[PDB]
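**Q** This is my_file.cif, which holds mmCIF, N, CA, C and O atoms; chains and numbers go by the auth columns:
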data_target
#
loop_
_atom_site.group_PDB
_atom_site.id
_atom_site.type_symbol
_atom_site.label_atom_id
_atom_site.label_comp_id
_atom_site.label_asym_id
_atom_site.label_seq_id
_atom_site.Cartn_x
_atom_site.Cartn_y
_atom_site.Cartn_z
_atom_site.B_iso_or_equiv
_atom_site.auth_seq_id
_atom_site.auth_asym_id
ATOM 1 N N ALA A 1 0.840 -1.225 0.000 0.00 1 O
ATOM 2 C CA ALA A 1 0.000 0.000 0.000 0.00 1 O
ATOM 3 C C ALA A 1 0.863 1.257 0.000 0.00 1 O
ATOM 4 O O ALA A 1 0.980 1.942 -1.015 0.00 1 O
ATOM 5 N N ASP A 2 1.465 1.554 1.147 0.00 2 O
ATOM 6 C CA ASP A 2 2.317 2.730 1.279 0.00 2 O
ATOM 7 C C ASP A 2 3.786 2.329 1.383 0.00 2 O
ATOM 8 O O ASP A 2 4.148 1.459 2.175 0.00 2 O
ATOM 9 N N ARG A 3 4.627 2.969 0.577 0.00 3 O
ATOM 10 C CA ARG A 3 6.056 2.679 0.576 0.00 3 O
ATOM 11 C C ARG A 3 6.789 3.553 1.588 0.00 3 O
ATOM 12 O O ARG A 3 6.498 4.741 1.724 0.00 3 O
ATOM 13 N N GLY A 4 7.741 2.955 2.298 0.00 4 O
ATOM 14 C CA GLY A 4 8.502 3.693 3.289 0.00 4 O
ATOM 15 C C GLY A 4 8.640 2.935 4.594 0.00 4 O
ATOM 16 O O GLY A 4 7.663 2.748 5.319 0.00 4 O
ATOM 17 N N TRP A 5 9.858 2.495 4.895 0.00 5 O
ATOM 18 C CA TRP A 5 10.121 1.751 6.120 0.00 5 O
ATOM 19 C C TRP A 5 11.505 2.080 6.670 0.00 5 O
ATOM 20 O O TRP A 5 12.490 2.093 5.933 0.00 5 O
ATOM 21 N N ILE A 6 11.571 2.347 7.971 0.00 6 O
ATOM 22 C CA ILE A 6 12.835 2.676 8.619 0.00 6 O
ATOM 23 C C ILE A 6 13.650 1.420 8.905 0.00 6 O
ATOM 24 O O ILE A 6 13.106 0.319 8.984 0.00 6 O
ATOM 25 N N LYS A 7 14.960 1.592 9.057 0.00 7 O
ATOM 26 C CA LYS A 7 15.851 0.473 9.333 0.00 7 O
ATOM 27 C C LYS A 7 16.379 0.530 10.763 0.00 7 O
ATOM 28 O O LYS A 7 16.349 -0.465 11.486 0.00 7 O
ATOM 29 N N UNK A 8 16.865 1.702 11.166 0.00 8 O
ATOM 30 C CA UNK A 8 17.402 1.883 12.510 0.00 8 O
ATOM 31 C C UNK A 8 18.534 2.913 12.513 0.00 8 O
ATOM 32 O O UNK A 8 19.586 2.685 13.110 0.00 8 O
ATOM 33 N N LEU A 9 18.322 4.034 11.826 0.00 9 O
ATOM 34 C CA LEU A 9 19.337 5.085 11.731 0.00 9 O
ATOM 35 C C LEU A 9 19.504 5.855 13.039 0.00 9 O
ATOM 36 O O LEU A 9 20.603 6.308 13.358 0.00 9 O
ATOM 37 N N UNK A 10 18.419 6.018 13.784 0.00 10 O
ATOM 38 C CA UNK A 10 18.470 6.753 15.046 0.00 10 O
ATOM 39 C C UNK A 10 17.359 7.799 15.123 0.00 10 O
ATOM 40 O O UNK A 10 16.384 7.641 15.857 0.00 10 O
ATOM 41 N N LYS A 11 17.518 8.877 14.364 0.00 11 O
ATOM 42 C CA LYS A 11 16.535 9.956 14.350 0.00 11 O
ATOM 43 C C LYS A 11 15.318 9.602 13.495 0.00 11 O
ATOM 44 O O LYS A 11 14.329 10.335 13.482 0.00 11 O
ATOM 45 N N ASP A 12 15.391 8.484 12.775 0.00 12 O
ATOM 46 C CA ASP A 12 14.289 8.058 11.918 0.00 12 O
ATOM 47 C C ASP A 12 13.548 6.853 12.499 0.00 12 O
ATOM 48 O O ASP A 12 12.591 6.362 11.901 0.00 12 O
ATOM 49 N N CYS A 13 13.989 6.377 13.661 0.00 13 O
ATOM 50 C CA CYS A 13 13.353 5.227 14.302 0.00 13 O
ATOM 51 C C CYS A 13 12.750 5.619 15.648 0.00 13 O
ATOM 52 O O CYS A 13 13.410 5.527 16.683 0.00 13 O
ATOM 53 N N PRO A 14 11.483 6.066 15.653 0.00 14 O
ATOM 54 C CA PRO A 14 10.793 6.475 16.878 0.00 14 O
ATOM 55 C C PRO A 14 10.419 5.289 17.763 0.00 14 O
ATOM 56 O O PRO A 14 10.033 5.465 18.918 0.00 14 O
ATOM 57 N N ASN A 15 10.532 4.082 17.216 0.00 15 O
ATOM 58 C CA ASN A 15 10.201 2.874 17.963 0.00 15 O
ATOM 59 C C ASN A 15 11.410 2.362 18.742 0.00 15 O
ATOM 60 O O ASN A 15 11.554 2.641 19.933 0.00 15 O
ATOM 61 N N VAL A 16 12.277 1.611 18.068 0.00 16 O
ATOM 62 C CA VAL A 16 13.469 1.064 18.703 0.00 16 O
ATOM 63 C C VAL A 16 13.101 0.160 19.873 0.00 16 O
ATOM 64 O O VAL A 16 12.005 0.257 20.425 0.00 16 O
ATOM 65 N N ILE A 17 14.024 -0.718 20.247 0.00 17 O
ATOM 66 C CA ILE A 17 13.801 -1.640 21.352 0.00 17 O
ATOM 67 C C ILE A 17 14.890 -1.482 22.408 0.00 17 O
ATOM 68 O O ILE A 17 15.653 -0.515 22.387 0.00 17 O
ATOM 69 N N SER A 18 14.959 -2.436 23.328 0.00 18 O
ATOM 70 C CA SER A 18 15.955 -2.403 24.393 0.00 18 O
ATOM 71 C C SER A 18 17.359 -2.594 23.829 0.00 18 O
ATOM 72 O O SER A 18 17.786 -3.719 23.568 0.00 18 O
ATOM 73 N N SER A 19 18.073 -1.489 23.644 0.00 19 O
ATOM 74 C CA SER A 19 19.429 -1.536 23.109 0.00 19 O
ATOM 75 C C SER A 19 20.129 -0.192 23.270 0.00 19 O
ATOM 76 O O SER A 19 21.310 -0.133 23.612 0.00 19 O
ATOM 77 N N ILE A 20 19.393 0.882 23.021 0.00 20 O
ATOM 78 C CA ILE A 20 19.943 2.227 23.136 0.00 20 O
ATOM 79 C C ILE A 20 18.987 3.152 23.871 0.00 20 O
ATOM 80 O O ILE A 20 19.247 3.576 24.997 0.00 20 O
ATOM 81 N N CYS A 21 17.883 3.457 23.220 0.00 21 O
ATOM 82 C CA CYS A 21 16.865 4.333 23.790 0.00 21 O
ATOM 83 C C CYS A 21 15.790 3.522 24.501 0.00 21 O
ATOM 84 O O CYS A 21 15.202 3.973 25.483 0.00 21 O
ATOM 85 N N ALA A 22 15.543 2.322 23.996 0.00 22 O
ATOM 86 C CA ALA A 22 14.540 1.436 24.576 0.00 22 O
ATOM 87 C C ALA A 22 13.163 2.092 24.588 0.00 22 O
ATOM 88 O O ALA A 22 12.423 1.989 25.567 0.00 22 O
ATOM 89 N N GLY A 23 12.825 2.765 23.494 0.00 23 O
ATOM 90 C CA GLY A 23 11.535 3.426 23.398 0.00 23 O
ATOM 91 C C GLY A 23 11.364 4.522 24.431 0.00 23 O
ATOM 92 O O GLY A 23 10.836 4.284 25.518 0.00 23 O
ATOM 93 N N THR A 24 11.809 5.727 24.093 0.00 24 O
ATOM 94 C CA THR A 24 11.701 6.866 24.997 0.00 24 O
ATOM 95 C C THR A 24 11.907 8.178 24.246 0.00 24 O
ATOM 96 O O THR A 24 12.344 8.182 23.095 0.00 24 O
ATOM 97 N N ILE A 25 11.583 9.288 24.901 0.00 25 O
ATOM 98 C CA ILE A 25 11.729 10.607 24.286 0.00 25 O
ATOM 99 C C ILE A 25 13.175 11.094 24.345 0.00 25 O
ATOM 100 O O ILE A 25 13.490 12.056 25.046 0.00 25 O
ATOM 101 N N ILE A 26 14.049 10.424 23.595 0.00 26 O
ATOM 102 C CA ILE A 26 15.469 10.777 23.541 0.00 26 O
ATOM 103 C C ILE A 26 16.031 11.097 24.928 0.00 26 O
ATOM 104 O O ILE A 26 15.907 12.217 25.420 0.00 26 O
ATOM 105 N N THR A 27 16.658 10.102 25.548 0.00 27 O
ATOM 106 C CA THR A 27 17.246 10.275 26.872 0.00 27 O
ATOM 107 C C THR A 27 18.759 10.097 26.819 0.00 27 O
ATOM 108 O O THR A 27 19.513 11.064 26.933 0.00 27 O
ATOM 109 N N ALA A 28 19.198 8.854 26.649 0.00 28 O
ATOM 110 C CA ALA A 28 20.623 8.548 26.582 0.00 28 O
ATOM 111 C C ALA A 28 21.024 8.041 25.196 0.00 28 O
ATOM 112 O O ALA A 28 22.209 7.959 24.877 0.00 28 O
ATOM 113 N N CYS A 29 20.031 7.700 24.378 0.00 29 O
ATOM 114 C CA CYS A 29 20.287 7.201 23.032 0.00 29 O
ATOM 115 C C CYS A 29 20.834 8.310 22.135 0.00 29 O
ATOM 116 O O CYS A 29 20.170 8.753 21.197 0.00 29 O
ATOM 117 N N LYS A 30 22.051 8.753 22.430 0.00 30 O
ATOM 118 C CA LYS A 30 22.690 9.811 21.654 0.00 30 O
ATOM 119 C C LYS A 30 23.498 9.240 20.489 0.00 30 O
ATOM 120 O O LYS A 30 24.282 9.954 19.861 0.00 30 O
ATOM 121 N N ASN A 31 23.308 7.955 20.199 0.00 31 O
ATOM 122 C CA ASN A 31 24.025 7.305 19.108 0.00 31 O
ATOM 123 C C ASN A 31 23.319 6.026 18.675 0.00 31 O
ATOM 124 O O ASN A 31 23.149 5.100 19.469 0.00 31 O
ATOM 125 N N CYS A 32 22.909 5.979 17.412 0.00 32 O
ATOM 126 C CA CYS A 32 22.222 4.811 16.874 0.00 32 O
ATOM 127 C C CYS A 32 23.200 3.886 16.157 0.00 32 O
ATOM 128 O O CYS A 32 23.321 2.709 16.498 0.00 32 O
ATOM 129 N N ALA A 33 23.897 4.427 15.163 0.00 33 O
ATOM 130 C CA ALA A 33 24.866 3.652 14.397 0.00 33 O
ATOM 131 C C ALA A 33 24.191 2.493 13.673 0.00 33 O
ATOM 132 O O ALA A 33 22.979 2.285 13.889 0.00 33 O
#
What's the structure tokens form of this structure?

**A**
Amino acid sequence: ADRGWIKXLXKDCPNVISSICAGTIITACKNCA
């Protein structure tokens, strides 16, 4: 239907899991890589 999916750049992944930000309003996840 709609094209467009994030991979895990950092500023483009508002979801993310337990690894850096762990789903939060930018706290310590100052680096995605």

**Q** With 5 Å of padding per side, what axis-aligned box (centre and edge lengths, Å, one decimal) covers all the listed atoms of stretch 18-23 of chain O? Give it as lines of an AutoDock Vina configuration file.

**A**
center_x = 16.1
center_y = 0.4
center_z = 24.3
size_x = 20.5
size_y = 18.2
size_z = 12.5

**Q** Might you pull out every residue within 7 Å of stretch 19-31 of chain O, with only N, CA, C and O atoms counted and same-chain residues fewer than 3 positions away left off, and present them as number ranges by chain?

**A** O: 9-10, 14-16

**Q** Record the distance separating atom CA of residue O:5 and atom O of residue O:18, expressed in Å with one decimal.

**A** 19.8 Å
